[PDB]
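Working notes for the structure below.
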Protein chains: 2
Amino acid sequence: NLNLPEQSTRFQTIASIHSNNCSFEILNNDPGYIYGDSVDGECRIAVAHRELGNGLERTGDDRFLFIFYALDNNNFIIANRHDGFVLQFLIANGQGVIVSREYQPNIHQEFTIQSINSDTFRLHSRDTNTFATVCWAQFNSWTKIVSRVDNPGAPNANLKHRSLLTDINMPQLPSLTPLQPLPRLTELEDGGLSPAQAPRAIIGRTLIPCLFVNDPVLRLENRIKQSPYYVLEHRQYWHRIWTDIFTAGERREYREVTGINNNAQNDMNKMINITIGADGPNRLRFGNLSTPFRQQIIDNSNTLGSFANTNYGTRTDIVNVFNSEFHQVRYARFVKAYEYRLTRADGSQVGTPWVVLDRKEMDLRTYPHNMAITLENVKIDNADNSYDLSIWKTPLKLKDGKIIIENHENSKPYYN
Amino acid sequence: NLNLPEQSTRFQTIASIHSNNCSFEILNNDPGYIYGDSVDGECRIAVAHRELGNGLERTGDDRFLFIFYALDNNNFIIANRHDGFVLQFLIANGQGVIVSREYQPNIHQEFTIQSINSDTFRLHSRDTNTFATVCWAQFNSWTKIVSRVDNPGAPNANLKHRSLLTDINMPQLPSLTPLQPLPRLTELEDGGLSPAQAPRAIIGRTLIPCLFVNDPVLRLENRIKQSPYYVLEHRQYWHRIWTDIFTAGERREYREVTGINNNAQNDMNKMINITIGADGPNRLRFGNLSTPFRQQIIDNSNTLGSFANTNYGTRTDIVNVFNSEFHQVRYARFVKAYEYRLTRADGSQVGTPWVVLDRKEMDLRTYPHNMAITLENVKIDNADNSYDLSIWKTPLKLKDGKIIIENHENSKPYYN
């Protein structure tokens, strides 16, 4: 069940309803370029780089094919299939024109659709109150696309789609699956599921427009053709941090490294202009490129907005554990992992997934069953930041199969 | 499965971290009101109606309890449990103050949470770059709440929640259910399921903040206590428009009224500041009150944004049907209905649901089974607008159990 307008899930041509054969066409022209068919005046001479033409439509020519990326504010970014540049309103020489530019974004790249009736619409420019149409109503002539205010005698701004491309390599979204409880251990030699073997739950997934995905292999002109959307998956799994056999009354010390490394955060930011905020493993910080889509990304990925000024980092805790059972016992200790994975439309992975180990949510598996180890002491060895310096209140019994989540009753600041 | 920040699903008090016992308090004061404890100057005298006080916190006093309604843009509207008024930044006498006002909304009612660490935050008015705190840092004194720019001398603006109310009458959201196919008819006297008996599918459901729900029985001061959110359900069902027994070769004429009446749209607009656009039965138009939440409402209700400048209206079609079967046959004719229902947190219905009859999606049930009636002629008798003036291409066989959806092959403009 995809909650998108039909303009966002296909490519379409854009034409005046008053043109027999002509549609909006991406040009790579310079100022001074002459539109041969045009009557003399402002419509004959190009005044900007990459104006749009009113060109004879060729079936399956990418210069005429546009996709409408839906923003949270009900406006659209309109990208072409030839080079992935977007439409932009621009004033040059006091003439309002439509050009194509790289996604910035800016308010002049945002367009409203106004439907007049079932098959007729207008393209409205945000904040200028102008509508896209053909220069001086030359609907069957080679000339530029302008954006002008409604006046009596202004060129009719009623548009239609002339042709569609529906075979566009839309991704197939994976099904949501719940996080399964870890299996019980079967003997003393059973270390439990390693991180590579642990099943992933798919908690959420969202489409990401290709415009701001810095795919290291596919340039924009190829992304718009083969992967106009990418898929961001929000996955969870139980991440084993250690396992050992303890004799009766055995004590041990472990270094527990949790969170997410600064290099992984920088990679995520470069790739999709999103990082994980320090306020939680499911809390997203958006940059200028991703911000206009933030509520769709949150709603579909089942994440939350971050309120933090700082990125989630790493923390090293030194834990002292004591086997107070009068038995030889296999203990396996797990924290909850949040795994963010980016795929192309063809399902290929773009890089290494971004993983946050959440120290605040933990589970244990034992053999024999229903055993308990005691967390006697926790010390912060180091942290990348001072956002969260809470530790477990000790002593704390960790029992086979019991999930423990940090709250104000079971934790305290490190110096207390 | 509720995708909201914890601040949005509870009430909380707001206090300076530097105050022993004091928290932000809703006042109904006027200019000239004296704050007795305050040092003389701008902090002693109220300069606006409904300033906020730095008051001694009383457990379960609604004047100290605030809920944070999450906007699509990651800002919050902050409402109090006493009277449902919201916080607003205001300049009076060149002093930046926090007041309480009725939800408008305006940009001065929008606040950002800036988290410094796990339990500390600041309240930012983004367009002014001011932060809420206690007048002249009088953190343990009766005085007003101000909003000031960061300067060396400026009162520390670090805040915390002192107390929580988590028992707030959050609604229980119904499960999603699919649209079931209509049962087969069992005999000639079986007219099929009437609209009152037809099972509803729940296609989507969303929380609506009580602030702009004009509940005809609950005033704002009671809504914020008993139903801080309302539930909007998007339901679908098969709506019977007529049923009759036809003899062999019998002809009949029906007036089919479809769409939604102007009075139902006005009621929906008054109640929740939303209407159904003419571009489809699942296409929502938002007014000034609902707009800041539009993407959340769309994503959760599984509707789409409308691009139309006009509301969905009614259309009356005159249909001529012919039983070309050599049998006495019971025919029952259905169109797909979209039903929008509003409930309080306790599950009670707020008024009559808003129904769109979609003439573009239709089904038939017959007895005996696998019979077909012929749609011989369709005429538009009248329509509220000219948005959709398509009719069925005739003759068109309607067969038992076969759903027909309008497309460019099976329909045409009324004059052709």
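Each chain in the structure tokens gets a letter, A, B and so on, in the order shown; residues start at 1 in every chain, and ligands are counted from 1 in the order they appear.
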Residues of chain A that have any atom at most 6 Å from an atom of chain B: could you tabulate them with the shortest-distance atom pair and the distance in Å to one decimal, using only C-alpha atoms, ordered by chain and increasing number, as a Markdown table?
```
| residue | atom | partner | partner_atom | distance |
| --- | --- | --- | --- | --- |
| A:72 | CA | B:295 | CA | 5.7 |
| A:113 | CA | B:307 | CA | 5.8 |
| A:114 | CA | B:307 | CA | 5.2 |
| A:115 | CA | B:308 | CA | 4.8 |
| A:117 | CA | B:387 | CA | 4.3 |
| A:118 | CA | B:388 | CA | 6.0 |
| A:295 | CA | B:72 | CA | 5.7 |
| A:307 | CA | B:114 | CA | 5.3 |
| A:308 | CA | B:115 | CA | 4.8 |
| A:387 | CA | B:117 | CA | 4.4 |
| A:388 | CA | B:118 | CA | 5.7 |
```
> Per DSSP on the backbone, what are the strand (DSSP E or B) residues of segment 147-255 of chain B, as a ChimeraX atom specification?
Replying inline: /B:147-148,159-160,164-165,201-209,229-246,251-255
>> For the helix (DSSP H, G or I) assignment from backbone DSSP, which residues of segment 184-347 of chain B qualify? Please present them as a ChimeraX atom specification.
In response: /B:210-212,220-226,262-272,291-301
> Please, what distance in Å, to one decimal, runs between atom CA of residue 355 of chain B and atom CA of residue 259 of chain B?
Replying inline: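 Interatomic distance here is 8.0 Å.
With only C-alpha atoms as the atoms that count, the residue of A:164, A:203, A:248, A:260 with the shortest distance to residue 59 of chain A is A:164.
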>> So, with only C-alpha atoms as the atoms that count, which of A:380, A:234, A:415, A:410 lies closest to residue 353 of chain A?
In response: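 Checking each of A:380, A:234, A:415, A:410 against residue 353 of chain A, counting only C-alpha atoms, the winner is A:234.
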> Which polymer residues have any atom within 8 Å of an atom of residue 273 of chain A, counting only C-alpha atoms, with same-chain residues fewer than 4 positions away left out, as JSON, numbers by chain?
Replying inline: {"A": [212, 268, 269, 286, 287, 288, 289, 290]}
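Using only C-alpha atoms, the residues found no farther than 9 Å from segment 99-106 of chain B, other than those of its own chain fewer than 3 positions away, are residues 26, 27, 28, 48, 49, 50, 51, 52, 77, 79, 80, 84, 85, 86, 87, 88, 89, 90, 109, 110, 145, 211, 212, 288, 289 and 292 of chain B.
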>> Would you pick out the contacts of residue 398 of chain A at 7 Å or less, using only C-alpha atoms, so that residues sharing its chain but fewer than 6 positions from it are not included, and give the list as a PyMOL selection string?
In response: chain A and resi 364+372-374
